[PDB]
Amino acid sequence: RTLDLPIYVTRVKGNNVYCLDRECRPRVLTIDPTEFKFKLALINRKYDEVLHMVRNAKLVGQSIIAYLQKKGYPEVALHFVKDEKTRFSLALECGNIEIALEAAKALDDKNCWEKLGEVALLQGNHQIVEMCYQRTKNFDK
Amino acid sequence: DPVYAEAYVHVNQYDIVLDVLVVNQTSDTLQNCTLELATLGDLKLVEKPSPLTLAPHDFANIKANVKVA
Amino acid sequence: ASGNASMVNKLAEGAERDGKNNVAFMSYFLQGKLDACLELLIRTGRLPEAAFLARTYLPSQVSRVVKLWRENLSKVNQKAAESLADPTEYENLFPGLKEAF
């Protein structure tokens with residue numbers, strides 16, 4: 001759940017959440033945990049929750065960086081993710097090469113490709129990789 | 001508030017850029033206040049997305065570029 | 001242009017000298033020497049590629065080599081990244097029975 005100007009967490013009184021900036025700038029709070037559910041949930045692959053919440057950041061400065069940067073599944077990608085550029089970043093970060101494929105189609109930042117087909121190969125499929133390279137002018141290759 | 005705005009700074013290549021989430025989970029493009037420009041250091045802040053609504057239940061990206069030299 | 005092995009041995013020696021991977025290969029080939037091509041790869045870290053040769057014209061290093069490549073991959077864990085089989089399963093190597101030996 002998000003704060004409300006300065007607050008400090010003092011400690012936790014039950015579910016009816018309580019928060020303090022020091023002695024004012026205060027909360028009673030309907031909760032909304034994140035994480036707990038999550039590394040357990042995650043640990044059991046489970047998404048249902050997040051999803052269900054429809055909770056969806058990954059950036060605030062960043063926010064993918066707990067371990068969503070050091071990703072845990074691309075199932076994560078699925079809860080949230082955006083622009084082809086962003087998507088692309090994911091395409092490396094996850095290595096989401098599904099998103100890459102399209103991403104690629106949509107990339108056209110060469111270098112980007114340029115590494116990537118190999119990488120793609122590296123991960124698999126040269127049947128495809130050949131194409132990738134085909135426009136890439138690694139003709140000789 | 002519903003409107004929750006969360007923000008952090010990203011400094012992406014020279015440019016210190018302001019990620020802002022103003023999320024207006026508001027019950028409407030609630031009216032918004034005011035913002036002011038300024039000379040800064042070897043930088044100057046330099047952008048504001050113009051509107052001042054806090055669109056209902058809605059999330060927004062407000063970007064501030066800063067001028068980094 | 002006239003062609004020559006002898007030139008090639010001395011040159012091979014040279015080939016070793018030159019410092020970019022690629023020429024040396026042609027040589028190795030040119031001589032006819034898978035072995036040489038493959039050894040060369042070991043130094044450069046040509047690994048995916050080395051596997052193709054090792055497969056195509058079979059010195060069955062595909063088995064040997066694949067394990068190592070896979071190991072790198074392995075280092076960079078994820079099961080898909082690991083990737084596994086030689087005679088049977090994922091690959092059926094000698095059970096496939098097809099065109100390089």
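Per the PDB record, this model was obtained through cryo-EM at a reported resolution of 10.1 Å.

Student: Looking at this structure, how should I read the overall build of chain A?
Tutor: What chain A contains, in helices and strands, is 7 helices and 2 strands. Reading the secondary structure of chain A in the N-to-C direction produces β-β-α-α-α-α-α-α-α. Compactness check: chain A gives a C-alpha radius of gyration of 21 Å against a globular reference of 14 Å for 141 residues, more than 25% above the reference. Overall, chain A is about 70 × 30 × 20 Å in size when its C-alpha atoms are taken along their principal axes.

Student: Can you help me understand the sheet that holds strand β3 (residues 38–39) of chain B in this one?
Tutor: All names here are of chain B. Strand order in this open sheet of 5 strands is β1-β2-β5-β4-β3, and the pairing throughout is antiparallel. Strands at the two margins of the open sheet, each flanked by one partner only, are β1 (4–12) and β3. Judged from the 2 bridges that link them, β3 and strand β4 (residues 44–45) form a sheet pairing that is antiparallel. Each bridged residue has a counterpart across the sheet, and for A38 the counterpart in β4 is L45.

Student: Before we go on, may I ask you to explain the pairing of β1 of chain B in this structure?
Tutor: A regular strand places its side chains on the two faces of the sheet in alternate fashion. All names here are of chain B. Note that β1 and strand β2 (residues 15–24) share 9 bridges and pair antiparallel. If you follow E6 over to β2, its bridge partner there is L21. Linking β1 back to β2 in an antiparallel pair, the connection comprises 2 residues, with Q13 at a positive phi of about 30°.

So, how was this worked out
- Residues numbered from 1 in each chain as written, not as in the entry; some residues may be left out.
- Chains lettered and ligands numbered in written order.
- Part of a larger assembly, values for the part shown.
- Heavy atoms only, no water.
- Residues with missing side-chain atoms left out of burial classes, pairs and counts.
- Helix = DSSP H or I, 4+ residues; strand = E, 2+ residues; numbered from the N terminus.
- Rg over C-alpha atoms; globule rule 2.2 N^0.38 Å.
- Pairing = 2+ DSSP bridges.

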